[PDB]
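Student: Here it is, the structure in full.
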Amino acid sequence: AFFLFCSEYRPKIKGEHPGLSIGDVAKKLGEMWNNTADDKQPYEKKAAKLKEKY
DNA sequence: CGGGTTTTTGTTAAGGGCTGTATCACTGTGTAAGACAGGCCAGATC
């Protein structure tokens, strides 16, 4: 949920207000994503689709 | 043999400072013997 959600919301969250380091940026953003599945499922669905396609 | 534990295993993803090889430009020189082949020739011989 949160992994695919961060890999999806990368553009705006990384080009609007990143933070101190890429580490802390993606950490806080993945936390917010996991605390949003209820609103991030299709990103994980696309991830699993690519995984099956591989 | 196996569902669910037993302690784990990728993995794979989003960017960033440190390390470890791979390049990059750039320079040191015309010899030294030996074998064989023609060409020239300067005395040998009839």
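Note on naming: chains are A, B, ... as they come in the structure tokens, residues start from 1 per chain, ligands start from 1 in the order shown.
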Please report as a list in words which residues of chain B come no farther than 12 Å from chain A, using only C-alpha atoms (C1' of nucleotides).
Tutor: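 For chain B, the answer reads residues 11, 12, 13, 14, 15, 16 and 17 of chain B.
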Student: As a PyMOL selection string, which residues of chain A does DSSP assign to helix (DSSP H, G or I)?
Tutor: chain A and resi 2-16+22-34+41-53
Student: Hey, can you check how far CA of residue 33 in chain A sits from CA of residue 48 in chain A?
Tutor: 17.6 Å
Student: Which is closest to residue 2 in chain A among A:51, A:32, A:24, A:46, if we use only C-alpha atoms?
Tutor: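 With only C-alpha atoms as the atom set, the closest residue is A:32.
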Student: Go ahead and compute the interatomic distance for CA of residue 31 in chain A and CA of residue 53 in chain A, in Å to one decimal.
Tutor: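 Separation of CA of residue 31 in chain A and CA of residue 53 in chain A: 28.2 Å.
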Student: Just to confirm, what's the straight-line distance from CA of residue 42 in chain A to CA of residue 54 in chain A in Å (one decimal)?
Tutor: 18.2 Å
